[PDB]
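S.K.: One structure is given below, represented as structure tokens, and several questions about it will come after.
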Amino acid sequence: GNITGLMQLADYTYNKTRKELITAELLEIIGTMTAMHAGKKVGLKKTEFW
Amino acid sequence: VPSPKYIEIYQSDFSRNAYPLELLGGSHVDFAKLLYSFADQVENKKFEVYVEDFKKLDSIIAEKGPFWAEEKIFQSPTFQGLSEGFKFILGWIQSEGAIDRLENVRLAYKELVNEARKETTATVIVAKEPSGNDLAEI
Amino acid sequence: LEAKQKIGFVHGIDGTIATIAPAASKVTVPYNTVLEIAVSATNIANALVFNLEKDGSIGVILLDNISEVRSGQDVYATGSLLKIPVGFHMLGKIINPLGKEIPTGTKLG
């Protein structure tokens, strides 16, 4: 019974940490893609206004 | 109101042309190079015209306040003293919202003109009031 | 005699860092070199080049007198790397990484 009580917490924290590691890697990639979007410039948009 | 001679240059491509100088910046390099195109082609190298317009524009700005963006550049009694091409580019700048970048345009157009005429300028500040003896030394 | 060379004016400042706007086009700044920012007629804020850009702008690391920095201040250039005084005369001292001594109570490297 005790070992099971430990096993659920171990499985729980394993999956908690698994999911948080996934989320973190995503936000790293999105941070980089976003920073590059800031690095890229805007164009001109030349057209007739009159 | 805008003449077709200006629209031919505007709708066409001009940034890829050969200039007196390669110009650093973002979009405002075009705000200046387009002025150079006007002054070179249709006005026949009467550069100082646009350089006068900037001066004129300064006097206009103070009288109109800071929110002169919202008003259209062509229809206005204040702007009547300006050139049609200067007005054209201010309309384009108004479209792009870059009207806060104007000083970075005159500071560039003057470089193009100063290298075409080959007239590098120099700025001195002497006192609350100039002194001739110092001037001769300077 | 000694005329300082200027390269641009301060465009933006974000806390410890800054962005320069170059004055002229033919002017060229090196990389990793120290720049100076005329925060006043008297004092100078040292700095360092960390980026260069297609726009000619310069990403700058500030190191001294950051609070006295504004936008539009004249920016000068030494054209030399960051250096500090070195020698046995420095032993027995606490020292700012710019070489400035921190009070208590020739050569360059």
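Cβ atoms come from the backbone with ideal geometry, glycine included; neighbour counts cover every protein chain shown. Rule-based calculations on the coordinates, nothing more; no lab input.
S.K.: Does at least one position in the range C:75-88 carry a residue that is under 12 Å from C:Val10 (Cα atoms) and either of a type in the set (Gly, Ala, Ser) or within 14 Å of chain B (Cβ to nearest Cβ) (or both)?
M.R.: Going through the range C:75-88, the residues under 12 Å from C:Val10 (Cα atoms) turn out to be C:75-76.
From what is left, the residues that are either of a type in the set (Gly, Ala, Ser) or within 14 Å of chain B (Cβ to nearest Cβ) (or both) are none.
No, that holds for no residue.
S.K.: A further question on this structure: Could you please find all residues in the range B:56-103 being in a helix (DSSP H, G or I), of a type in the set (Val, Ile, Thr) and within 25 Å of B:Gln11 (Cβ to Cβ)? Outline the logic, then answer.
M.R.: Here is the first cut: in the range B:56-103, the ones in a helix (DSSP H, G or I) are B:56-64, B:78-81, B:84-96, B:99-101, B:103.
Checking the rest, the ones that are also of a type in the set (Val, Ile, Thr) come to B:60-61, B:78, B:89, B:93, B:99.
Listed by number, the residues that qualify are B:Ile89, B:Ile93, B:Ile99.
S.K.: Run A:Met7 past the list (1) of a type in the set (A, V, I, L, M, F, W, C); (2) surrounded by 10 or more Cβ atoms within 10 Å (Cβ to Cβ); (3) within 21 Å of the chain's Cα centre (by Cα) and report the number of the one that doesn't hold.
M.R.: Here A:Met7 clears every test but (3).
S.K.: Check A:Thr47, A:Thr17, A:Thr4, A:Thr34 and return the single one that is among the β-branched types (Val, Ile, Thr) and either part of a loop (DSSP other than H, G, I, E, B) or within 14 Å of chain B (Cβ to nearest Cβ) (or both).
M.R.: Details: A:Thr17 fails: either part of a loop (DSSP other than H, G, I, E, B) or within 14 Å of chain B (Cβ to nearest Cβ) (or both); A:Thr4 fails: either part of a loop (DSSP other than H, G, I, E, B) or within 14 Å of chain B (Cβ to nearest Cβ) (or both); A:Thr34 fails: either part of a loop (DSSP other than H, G, I, E, B) or within 14 Å of chain B (Cβ to nearest Cβ) (or both).
Criteria check complete, one pass: A:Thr47.
S.K.: Identify the single condition in (1) within 10 Å of another protein chain (Cβ to nearest Cβ); (2) surrounded by 13 or more Cβ atoms within 10 Å (Cβ to Cβ); (3) not basic (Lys, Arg) that B:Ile60 does not satisfy, given that it satisfies every other one.
M.R.: Here B:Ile60 clears every test but (1).
S.K.: Only residues in the range C:59-71 that are of a type in the set (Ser, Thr, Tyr) count as the first member; pair them with residues that are part of a strand (DSSP E or B) and surrounded by fewer than 14 Cβ atoms within 10 Å (Cβ to Cβ), Cβ under 7 angstrom, at least 6 apart or cross-chain, and list the lot.
M.R.: C:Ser71/C:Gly12
S.K.: Also, I was wondering about something else. Select from the range B:114-137 the residues that are of a type outside the set (D, E, K, R), closer than 26 Å to B:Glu48 by Cβ and either surrounded by fewer than 10 Cβ atoms within 10 Å (Cβ to Cβ) or within 13 Å of chain C (Cβ to nearest Cβ) (or both) and list them in ascending order.
M.R.: B:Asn114, B:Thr120, B:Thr121, B:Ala122, B:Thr123, B:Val124, B:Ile125
One line per residue, one yes/no per condition, for (1) surrounded by 15 or more Cβ atoms within 10 Å (Cβ to Cβ); (2) within 14 Å of chain B (Cβ to nearest Cβ); (3) among the polar types (S, T, N, Q); (4) within 27 Å of B:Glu22 (Cβ to Cβ):
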| residue | (1), (2), (3), (4) |
| --- | --- |
| C:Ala3 | no, yes, no, yes |
| C:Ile7 | yes, yes, no, yes |
| C:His11 | yes, yes, no, yes |
| C:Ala45 | yes, no, no, no |
| C:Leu62 | yes, no, no, no |
| C:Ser71 | no, yes, yes, yes |
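S.K.: Could you say which residue among B:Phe67, B:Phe79 is over 24 Å from A:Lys45 (Cα atoms) and either surrounded by fewer than 16 Cβ atoms within 10 Å (Cβ to Cβ) or more than 14 Å from chain A (Cβ to nearest Cβ) (or both)?
M.R.: On the way: B:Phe67 fails: over 24 Å from A:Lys45 (Cα atoms).
The unique qualifying residue is B:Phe79.
S.K.: Identify all residues within the range C:1-28 that are touching a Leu at 6+ places or on another chain (Cβ under 7 Å) and farther than 18 Å from B:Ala108 by Cα; write none if there are none.
M.R.: C:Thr16, C:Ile17, C:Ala18
S.K.: How many residues does the range B:104-122 hold that are closer than 20 Å to B:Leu34 by Cα and either among the hydroxyl-bearing types (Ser, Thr, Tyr) or not in a helix (DSSP H, G or I) (or both)? Write out each step before concluding.
M.R.: Our first condition is that a residue be closer than 20 Å to B:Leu34 by Cα; within the range B:104-122, this holds for B:104-118.
Keeping just the survivors that are either among the hydroxyl-bearing types (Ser, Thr, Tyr) or not in a helix (DSSP H, G or I) (or both) gives B:109, B:117-118.
Qualifying residue count, the range B:104-122: 3.
S.K.: Of all the residues that make up the range B:82-92, how many are within 22 Å of B:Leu21 (Cα to Cα) and within 14 Å of chain A (Cβ to nearest Cβ)?
M.R.: From the range B:82-92, those within 22 Å of B:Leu21 (Cα to Cα) are B:85-86, B:89; that's our starting set.
Keeping just the survivors that are within 14 Å of chain A (Cβ to nearest Cβ) gives B:85, B:89.
The number of residues fulfilling the criteria is 2.
S.K.: While we're looking at this one, here's another question. Looking at B:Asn44, B:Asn17, which one is under 22 Å from A:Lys41 (Cα atoms), more than 14 Å from every other protein chain (Cβ to nearest Cβ) and not in a helix (DSSP H, G or I)? Outline the logic, then answer.
M.R.: On the way: B:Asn44 fails: under 22 Å from A:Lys41 (Cα atoms).
Of the residues listed, the single one that is under 22 Å from A:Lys41 (Cα atoms), more than 14 Å from every other protein chain (Cβ to nearest Cβ) and not in a helix (DSSP H, G or I) is B:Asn17.
S.K.: Follow-up. In the range C:70-109, which residues are aliphatic (A, V, I, L, M) and closer than 21 Å to C:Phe50 by Cβ?
M.R.: Filtering the range C:70-109 for residues aliphatic (A, V, I, L, M) gives C:75, C:77, C:81-82, C:84, C:86, C:90-91, C:94-95, C:98, C:102, C:108.
Of everything in the range C:70-109, those that are aliphatic (A, V, I, L, M) and closer than 21 Å to C:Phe50 by Cβ turn out to be C:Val75, C:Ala77, C:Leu81, C:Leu82, C:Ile84, C:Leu98.
S.K.: Scan the range C:16-34 residue by residue and report those that are within 12 Å of another protein chain (Cβ to nearest Cβ) and farther than 20 Å from B:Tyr19 by Cα.
M.R.: Step one: of the range C:16-34, the residues within 12 Å of another protein chain (Cβ to nearest Cβ) are C:20-29.
If the condition is that a residue be within 12 Å of another protein chain (Cβ to nearest Cβ) and farther than 20 Å from B:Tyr19 by Cα, then C:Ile20, C:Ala21, C:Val29 are the ones that fit.
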